[PDB]
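Student:
Number of protein chains: 2
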Amino acid sequence: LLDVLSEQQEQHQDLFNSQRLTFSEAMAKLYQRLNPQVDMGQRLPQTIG
Amino acid sequence: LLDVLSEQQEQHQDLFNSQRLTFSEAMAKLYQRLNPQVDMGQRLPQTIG
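Taken in sequence, the protein lines are chains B1 and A1. Quick note: the first sequence uses the authors' numbering, first residue 1286, plus one each step. Quick note: the second sequence uses the authors' numbering, first residue 1286, plus one each step.
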């Protein structure tokens, strides 16, 4: 996730500019996209972010 | 919800008649349209229905 943030921020800006997603929710959803073995949404994306 | 089902679903067909979602999803979306304050455990509307 750190590597994606540092070098590939723009490549998922679609997720970040998503008005539906808060910054923590955007982070949580990105963490869901890459490394999908941690995929978890029953604990709210806001909290995981 | 039972009372609305008895007598007012005919105002809610818009939700019902939408190809976006299935019948159980329609029920879930109706119920959450009712009692809007009541959130759920961020689960699929399929399961809620």
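The beta carbon of each residue, even a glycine, is placed where N, CA and C say it ideally should be.
Helix, strand or coil for residue 1288 (chain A1)? Go by DSSP, reduced to three states.
Tutor: DSSP places residue 1288 (chain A1) in helix when its eight states are reduced to three.
Student: I want to verify the contact list: residues of chain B1 whose CB lies under 8 Å from the CB of residue 1326 (chain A1), in sequence order.
Tutor: Correct list: 1327.
Student: Considering residue 1322 (chain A1), what are the terminal residues of the alpha helix (DSSP H) in which it resides?
Tutor: Segment: none, residue 1322 (chain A1) is in no alpha helix (DSSP H) and carries neither H nor E.
Student: Could you check where the alpha helix (DSSP H) with residue 1298 (chain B1) kicks off and where it finishes?
Tutor: Element bounds for residue 1298 (chain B1): 1298 to 1301.
Student: What residue from 1314 (chain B1), 1319 (chain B1), 1324 (chain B1), 1318 (chain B1) has the CA that sits closest to residue 1331 (chain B1)'s CA?
Tutor: Per the Cα distances, 1314 (chain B1).
Student: Using the C-alpha atoms, what's the distance from residue 1297 (chain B1) back to residue 1323 (chain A1)?
Tutor: Distance between the alpha carbons of residue 1323 (chain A1) and residue 1297 (chain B1) is about 32 Å.
Student: Find the nearest neighbour of residue 1294 (chain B1) within the set 1312 (chain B1), 1334 (chain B1), 1333 (chain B1), judged by alpha-carbon distance.
Tutor: The candidate whose alpha carbon is nearest that of residue 1294 (chain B1) is 1312 (chain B1).
Student: Suppose you measure from the CA of residue 1319 (chain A1) to the CA of residue 1291 (chain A1); what does that come to, to the nearest Å?
Tutor: One C-alpha to the other measures close to 14 Å.
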